[PDB]
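Asks: Submitted below is the structure of interest, expressed as structure tokens.
Backbone-built Cβ (ideal geometry, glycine too); neighbour counts: all protein chains shown. Every number here is computed from the coordinates shown, using simple stated rules; none is lab data.
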Ligand code: CLA
Ligand code: CLA
Ligand code: CLA
Ligand SMILES: C=Cc1c(C)c2cc3nc(c4c5[nH]c(cc6nc(cc1[nH]2)C(C)=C6CC)c(C)c5C(=O)[C@@H]4C(=O)OC)[C@@H](CCC(=O)OC/C=C(\C)CCC[C@H](C)CCC[C@H](C)CCCC(C)C)[C@@H]3C
Ligand SMILES: CCCCCCCCCCCCCCCC(=O)O[C@H](COC(=O)CCCCCCCCCCCC)CO[C@@H]1O[C@@H](CO)[C@H](O)[C@H](O)[C@@H]1O
Ligand SMILES: CC1=C(/C=C/C(C)=C/C=C/C(C)=C/C=C/C=C(C)/C=C/C=C(C)/C=C/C2=C(C)CCCC2(C)C)C(C)(C)CCC1
Ligand SMILES: CC1=C(/C=C/C(C)=C/C=C/C(C)=C/C=C/C=C(C)/C=C/C=C(C)/C=C/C2=C(C)CCCC2(C)C)C(C)(C)CCC1
Ligand SMILES: CCCCCCCCCCCCO[C@@H]1O[C@H](CO)[C@@H](O[C@H]2O[C@H](CO)[C@@H](O)[C@H](O)[C@H]2O)[C@H](O)[C@H]1O
Ligand SMILES: [Fe+2]
């Protein structure tokens, strides 16, 4: 039925398209690759680096045990991590 | 930065010396352990004789003492019962029996050191896990 | 007393099967 | 025809396209994180 | 070809139902992918194969086949010489170029119809005879192939023999089982527990004799067909259509596909277990062997030992009375294997033997098998589902039996699909009910 | 007055329709699928539970998830700017904020999408038996991801948005609620399972009853997307089945309504059931059986058998599955069969 | 006459017999009546059956302490295994019952008839000049009934294993299967779920949409159903108004408009998907189990970090351990 606006088949085939994207796509790919590569991701999402789960001993898991004072608790958890 | 060279220091002889195996040996020890051990000693137990395990305390009460490199090493060369009464090289893989346990043929004095050094470091990392199973998985 | 109650509802499904097949309203062409 | 270059659909097709590749790149980067 | 003229793109290859020339190239080119594989993979195996480490512990499935024929093995399947492997692998890899050349050629350059290009090679589906002819040839070709095996056994090196009197080792069969009785017996032997079916066959004399007894039947047929045409019933029985011919041959494969999945999962003879892993029942047996030994060799009196239920840990009886191994293994009391037989007596596992005739070679062989049972995950992690990582391994016996049941099955589905289509394309209505004359519309209602 | 100018804009037949409903459906929907995809690859479930839940940690597609918040959190909404997170986004990620975020956004997202079905339907002028049908899934998600937990201790016990993180939710149920023995789940199955049968028996009946309206074999083209005569023969069908199963349809209008009722109804019963397990008002046991087995030790039914499996599932699982409970079960306590 | 056989073959093949007995049906009919009748009796009255190998008889029948939910026909004994145990192989019915004889009789018969039932589902189509393949859609369920009742046992070595004929023992088969194969973690089951879950999803869609575009031909006070007449000439709803909406819900091309292409996707999705689960049970029958990620994600020192895959396994062990409490004498469950 009613077929409106710029078509994909064409756009994908358009030389202008790849001119534009054979910069943008890999750009994003390398942009994110560095997000992990730099170790930025870790710090953004408080996710532990392979060497940061338990300090040398503490075979005990750092489990948040109470809301309200939840954060302060997590902080000290990273603290202990020396 | 967790598997420190301190966690890699295990008793060398029975008198007291210690050896600080490298992270290179460790890995290779593990590779060699799965290569000729895991089949029957996965997780540090014993599929064909659950009574005896590879827990360090266990090896200590062995005879001769196996809670050190030289001891385990002797074993892989010529195994004996937990009391040392019988030589069991004919039913347990060893150098004295490579003709029957091929995998053993590759193995060299160097390899034997790693495999052994692995049997002593694991429990240092895994703790109770290394000894029992199921219950501890 | 339960056995009986279960076997009944069952005997009913089975008689209801007969009727639903051999005693439906024939689907006449219109 | 004289189709436009920036449409509502383009806004959509990109909100999922841009993040994805960003991720596929990040995720492809992890494959080398070890020990 | 085109759709608006032939079939549909995803149905492409049916556009060739009537273009034998191309339909030959299709068949040739493909019959090249199989060889190519056989070849390319054997080298992939070999390139990884480690001379002295159990084959089953190395994901091999092709080399094991070559070994069983008696090629580069020696005593106990010792992998004495790798060359036969390299040798076999490549020959195929090359013969693939040949066949490959034919296909590409016959489906492109060559004539796309054997019609006039050669009236002997050309063929007619409904020609209820040129088919009986082509079949005939092939029926002879297979026969020559079967006889090749007998050759490799009775004349060139022999085959592997787990049952080898001295013990597993290559052995030249020189007493093929002749005689219909024994041979054909296996044919009408229940497929159920105990009396297996074809999957019994515990000795190479029969495997060999049985094959000798095949060409001298298979070729006997290859002739009878190049010399005749389907009788009356034959014609008023089957649908003579290209697609229909496929169907019958489809179900055929599928049916065998199961017969195979069963063979590699149960038989010990034509699948050494020294090259493949141990049979499933074999491993469940060896765990008892392993503990009946360990405990005996420790003070226990296995003959009298009574377990949690009152059945006796190590030994109990079977429904027919035989003394078997206890535990869940009571179900595998049918397992027969080299390492175990010497402990068997006339009423089953004998006590005296068990009590003091258990050579070390068994104690460790029994241990080897219980620690190499057919259990593992998709990502190849040997053992029970609850097991921890390390020791990645999956018995060839698993991989094989698993793959083939899938193939085997889908083919049965395939069979129906075509047998059902060709059986209606004939009456001619595989494209829809004829608006104008709906059979149903002329049948007395049931109400 | 401009309302209309807007309404006009929104209701314009674009590639991807929008609508007033879209002013909700998209802000959320995306924002939810987005959070999942994020948490799935970047954030962890270490402070909340005690496991790696993302890619960056080493998990694969099957083992990843946006795992619920700590039990000590409670039924807290976990608003990024609330008492807990205290505005700090990263910590928010660590305490499990990403869960209530996905849960709640996805929630309004399903509300949005239904309004859509209701907006597009009103426009295009068709009956709304597709927004009605979609109530079935609202029930499931609204009772399994929202009601259930609200009935228990915290959010920690809701499914977790993960492939395995769900298989776990399955076993837990079998083990603590003995779900499979609940008449409501049973109906649930009878409906999903038979809704599949309808969706496959009907599909096959249509395709193998087609009149010929083409010349080739690929009869897909023979169907004129344009009106006219039925494409298959309802009369022939009704005949087939009636002689090969005794009963058979004969009212396309009823057939297609049944197809809506069956799978929809079953997911509803499925829901009511869980609303019950929120209060642990489960269908765990049959007392008549217990009393008998207590007195007579030789009475065994597949019923009792399964009850022991549960004892096992709870004993061995509980510990690592409910960390905030600091369970410690000495090897001598662990219920076990023989040998194993 | 004209030789009754000639005639017989015409009745057997009658295209207008209330219920189409066919050539396949000549077997389906007695086979299913033997099974169905033995099942119904077995389920009502029938002594406890020594399912596992031991001598710890389980009672499944009603007259022996069960209700419809707990009752079942118990699998032939483990002492029997894969051996063929018909009634004539028993020394007495009692032996036959105590050892589970009823099961084998019931499944071998149901599998035989259910197969011919598949064949019959072709014969009639042929006799009615309709296209075949319906019988191929039904090969999914059958394949699943085959897996669970015949393939799984041939692999494990005994009919004692292999889903028991009863509501609760079906749950048993599952809860245990999991612990033994970690099925939930096997591609083939996930495809099974996408199929069964998907199938339903689409059954609601198709049924939904169509109902949503029926052409007004009835008052407000009378069923919408009357608007259709059996065998009526043309279509009964606007397949274009249908697509007109669904297309706009997601987006035009992300929709159907070809009844034939739409209806095929309906019969292919669940069938292809359900086939797989049958191939999963049939596959895990030879011990190629689900994925295993236990003790992956290990940290820097070597500490195991546990992923959801482990909480899973933790609950699986609990199953592995307690199941068949008195049937094990050695460490490994290799049967
Ligand atoms: C024994 C060999 C065999 C042969 C020679 C044929 C031959 C034929 N088939 Mg049959 N078929 C077979 C087995 C066989 N089939 C089986 C076992 C099944 C059951 C699945 C089918 C199901 C089947 C159907 C449903 C149809 C045919 C059709 C046809 C005809 C056209 C071919 C075609 O459409 O190609 C085109 C092929 C493709 C579109 C590509 C193959 C696609 C499959 C699904 C991929 C499988 C690949 C691989 C295993 C998986 C990848 C890995 C995965 C993990 C991602 C042709 C006469 C068609 C016909 O017109 O019937 C008369 C038709 O519609 N066949
Ligand atoms: C591998 C198995 C296989 C084989 C042997 C064939 C064979 C054939 N196909 Mg089928 N096909 C297959 C799979 C296969 N197909 C699948 C999976 C599909 C679904 C996508 C189809 C779909 C399909 C359609 C839709 C059509 C065919 C047609 C044909 C026939 C004509 C070939 C042609 O037109 O080439 C066209 C030529 C080319 C563009 C060249 C392709 C490159 C060559 C052949 C490969 C070279 C191979 C290798 C790299 C080099 C080796 C060289 C060395 C020996 C020196 C031919 C008999 C046609 C037909 O029926 O004709 C009437 C047709 O219309 N096929
Ligand atoms: C390569 C395989 C092969 C193939 C495809 C054929 C094919 C054919 N043969 Mg040939 N045949 C072969 C090998 C082969 N034969 C061999 C090796 C010999 C020995 C020399 C013969 C001897 C032979 C003779 C003597 C005759 C034929 C005839 C025929 C034709 C029709 C007969 C028929 O199929 O009845 C199908 C069978 C039945 C209707 C009987 C069904 C009842 C039996 C007892 C039960 C079978 C059950 C089975 C054991 C269980 C598994 C079933 C499964 C579904 C679960 C047919 C073209 C006939 C013909 O027309 O002559 C040219 C004929 O008279 N053949
Ligand atoms: C098995 C799972 C299952 C899934 C995944 C599913 C999915 C879907 N069903 C839809 C529709 C339907 N489903 C229907 C009946 C059913 N659907 C069923 C089962 C499912 N239905 C069942 C059993 C039935 C009964 C038969 C009907 C009747 C319809 C429709 O009309 C509609 C459709 O258009 O059909 C195709 C689509 C609605 C899109 C949407 O709401 O966007 C808005 C919401 C978005 C984008 C946010 C996601 C919201 C949720 C709460 C968050 C989940 C969080 C993460 C994103 C993902 C979780 C990750 C996993 C690993 C656990 C969607 C593709
Ligand atoms: C002990 C365990 C119990 C097991 C229970 C099993 C239940 C499964 C039955 C299937 C449910 C019917 C769903 C379709 C509804 C329908 O459409 O069938 C209706 C008859 O319904 C009924 O009352 C059906 C009664 C159940 C018949 C059982 C079949 C037995 C199999 C025999 C095997 C032969 C070898 C009537 O048809 C309708 O009649 C009209 C409705 O206004 C319209 O014509 C419709 O289009 C349609 O034709
Ligand atoms: C028709 C057709 C088709 C098909 C095709 C085919 C089927 C093909 C095939 C092909 C083939 C089948 C090929 C083959 C080839 C081969 C080769 C080319 C080989 C080579 C070899 C070599 C060279 C060897 C040697 C060696 C050694 C000894 C050692 C070292 C290494 C090496 C390897 C080097 C298609 C689908 C596309 C499309 C349509 C059409
Ligand atoms: C959270 C959050 C947020 C946001 C965010 C977002 C919105 C995001 C997004 C994101 C995204 C949006 C992402 C994506 C990603 C993706 C990916 C990563 C993908 C992948 C894929 C793949 C890998 C595929 C594959 C495949 C399949 C599945 C099948 C078929 C075949 C193939 C192979 C192709 C905010 C700030 C508000 C706040 C806070 C929170
Ligand atoms: C097409 C229909 C097919 C039906 C097939 C079965 C036909 C036979 C139906 C028999 C119906 C009655 O079946 C009979 O019910 C009574 C209860 O009322 C049961 O009796 C049960 O309750 C009484 C107390 O009230 C107890 O003392 C007894 O121990 C207990 O078993 C019988 O054990 C059962 O055999
Ligand atoms: Fe429909």
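Asks: Does residue E:419 satisfy the condition of being under 30 Å from residue E:303 (Cα atoms), away from chain C (no Cβ under 14 Å) and within 34 Å of the chain's Cα centre (by Cα)?
Replies: no
Asks: I'm trying to understand the selection: among the residues of segment B:102-125, which are buried (at least 20 other Cβ atoms within 10 Å of the Cβ) and not in a helix (DSSP H, G or I)?
Replies: Residue satisfying the conditions is B:107 alone.
Asks: Would a scan of segment F:232-242 turn up a residue that is free of Cβ contacts under 8 Å to residues at least 60 places away in the same chain, part of a loop (DSSP other than H, G, I, E, B) and over 15 Å from the mean Cα position of the chain (by Cα)?
Replies: The answer is yes; a qualifying residue exists.
Asks: Would you mind telling me which numbered condition in (1) in contact (Cβ under 8 Å) with a residue 60 or more places away in the chain; (2) within 14 Å of chain G (Cβ to nearest Cβ); (3) assigned to a loop (DSSP other than H, G, I, E, B); (4) buried (at least 20 other Cβ atoms within 10 Å of the Cβ) residue F:76 fails?
Replies: (2)
Asks: Could you give me the residue pairs with C-beta distances under 8 Å whose first residue belongs to segment E:4-24 and is under 13 Å from residue E:112 (Cβ atoms) and away from chain F (no Cβ under 13 Å), whose second residue is within 10 Å of ligand 1 (Cβ to nearest atom) and part of a loop (DSSP other than H, G, I, E, B) wherever it lies, and which are 6+ apart or on separate chains?
Replies: As it stands, the answer is E:22/E:16; E:23/E:16; E:23/E:17, since those pairs meet every condition given.
Asks: Please specify each residue of segment G:105-158 satisfying the condition of being in a helix (DSSP H, G or I) and touching a strand residue (DSSP E or B) at 6+ places or on another chain (Cβ under 7 Å).
Replies: G:106
Asks: With (1) without any contact (Cβ under 8 Å) to a residue 40 or more places away in the chain; (2) within 30 Å of residue F:167 (Cα to Cα); (3) surrounded by 23 or more Cβ atoms within 10 Å (Cβ to Cβ) as the list, and residue G:242 as the residue in question, which single condition is left unmet?
Replies: It fails just one condition, (2).
Asks: Being under 18 Å from residue F:321 (Cβ atoms) and under 22 Å from the mean Cα position of the chain (by Cα) is the filter here, so list the residues in segment F:63-91 that pass it.
Replies: Of everything in segment F:63-91, those that are under 18 Å from residue F:321 (Cβ atoms) and under 22 Å from the mean Cα position of the chain (by Cα) turn out to be F:63, F:64, F:65, F:66, F:67, F:68, F:69.
Asks: Let me ask another. Within segment D:1-32, how many residues are assigned to a loop (DSSP other than H, G, I, E, B) and more than 7 Å from chain A (Cβ to nearest Cβ)?
Replies: 6
Asks: Do any helices (runs of 4 or more DSSP H) entirely within segment E:336-447 hold 2 or more residues that are over 30 Å from residue F:340 (Cβ atoms), and if so, which?
Replies: Hits in segment E:336-447: E:351-356, E:396-425.
Asks: Restricting to segment F:24-60, what's the tally of residues that are assigned to a helix (DSSP H, G or I) and more than 9 Å from ligand 4 (Cβ to nearest atom)?
Replies: Number of matching residues: 5.
Asks: List the number of the failed condition for residue G:106; all other conditions in (1) farther than 29 Å from residue G:328 by Cα; (2) away from every other protein chain (no Cβ under 12 Å) hold.
Replies: (1)
Asks: Next up: Given (1) within 11 Å of chain D (Cβ to nearest Cβ); (2) closer than 29 Å to residue D:21 by Cβ; (3) outside any helix (DSSP H, G or I), where does residue A:51 come up short, assuming only one miss?
Replies: (2)
Asks: What number goes with the only condition from (1) touching a residue at least 40 places away in the same chain (Cβ under 8 Å); (2) crowded, with 21+ Cβ neighbours inside 10 Å that residue G:171 does not pass?
Replies: (1)
Asks: Conditions: (1) without any contact (Cβ under 8 Å) to a residue 24 or more places away in the chain; (2) more than 7 Å from every other protein chain (Cβ to nearest Cβ); (3) farther than 30 Å from residue F:332 by Cα. Residue G:298 meets all but one. Number of the miss?
Replies: With (1) without any contact (Cβ under 8 Å) to a residue 24 or more places away in the chain; (2) more than 7 Å from every other protein chain (Cβ to nearest Cβ); (3) farther than 30 Å from residue F:332 by Cα applied to residue G:298, the lone miss is (3).
Asks: Would you mention how many residues in segment F:301-340 are more than 28 Å from residue G:56 (Cβ to Cβ), in a loop (DSSP other than H, G, I, E, B) and within 7 Å of chain G (Cβ to nearest Cβ)?
Replies: Of the residues in segment F:301-340, 0 are more than 28 Å from residue G:56 (Cβ to Cβ), in a loop (DSSP other than H, G, I, E, B) and within 7 Å of chain G (Cβ to nearest Cβ).
Asks: Can you tell me which residue within segment F:210-231, out of those that are within 36 Å of the chain's Cα centre (by Cα) and more than 7 Å from chain E (Cβ to nearest Cβ), is farthest from ligand 1 (Cβ to nearest atom)?
Replies: In this case the residue turns out to be F:230.
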